[PDB]
Amino acid sequence: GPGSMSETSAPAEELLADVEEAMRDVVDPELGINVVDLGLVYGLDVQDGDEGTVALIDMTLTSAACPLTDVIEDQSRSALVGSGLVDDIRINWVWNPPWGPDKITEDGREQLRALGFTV
C-alpha cells in the first residue's frame, strides 16, 4: 500500500521511492503488519554531528525479549545505510527503562574501543 506519504526527510522525489523500498524491508508483508502503527515508532530523532550521523528510533516489541530484535536492526540498518540518508542508526527497545542504555546497539557494544574490534 504505497501513496504520497510524508516522512518529512529527503526531497519528495527521493523520499517516495526510497521509503517505498524501505517499507518493504522494515514491515511485515507476510500477514500485513506495520510497526509504525503501534505509534511508538513515531518517536524517532536523527541527530547529525561531526562525530557522525545517527538515526535514533524508539521501538518496542511484544516483550522486547524476542529474537526479532536482530531482524529489525539488520533490515533497518541495512536499508538506511544504503539509502545514504544516515550511516549510523540505533533502534532502542523500551518497555520499562529510561531512554538511554536501550540506545546502545550491537554497533556500540561489540565495536567499543575497549574491545578494539573493527570490521
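Quick note: the coordinates plus some simple rules give every number you see, no bench work behind them. We place every Cβ from the backbone using ideal geometry, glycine too, and count neighbours over all the protein chains shown.
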Helix 12-25 sits off the longest principal axis of the Cα atoms of the chain, rounded to the nearest 10 on a 0 to 90 degree scale, by 70
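Quote the charge dipole size of the stretch 66-114 about the Cα centre in Debye, to the nearest 20; the model charges only the Cβ of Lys and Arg (+1) and of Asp and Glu (-1). Numbers along the way, then the final one.
On the way: 5 positive and 9 negative charges, 33 e Å.
So the magnitude is around 160 debye.
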In degrees rounded to 10, the 0-90 angle between helix 68-83 Cα long axis and the longest Cα principal axis of the chain is 70
Dividing the mean separation of Cα pairs under 8 Å (6+ apart) by the residue count of the chain yields a relative contact order in percent of 20
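Compute the FRET efficiency between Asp87 and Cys66 as 1/(1 + (r/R0)^6), taking r as their Cβ-Cβ distance and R0 = 25 Å, and round to the nearest 0.05. Write out the running numbers ahead of the final one.
Numbers: r = 27 Å, r/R0 = 1.08.
E(calc), rounded to 0.05, equals 0.40.
Could you work out how much longer the chain between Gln111 and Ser6 gets when fully extended? Use 0.36 nm per residue separation minus the Cα distance between them, nm to one decimal.
Details: separation 105, 0.36 × 105 = 37.80 nm, distance 3.42 nm.
Result for the pair: 34.4 nm of gain on full extension.
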tail above 20 Å in the computed P(r) of the chain, as % of all Cα-Cα pairs, reads 45
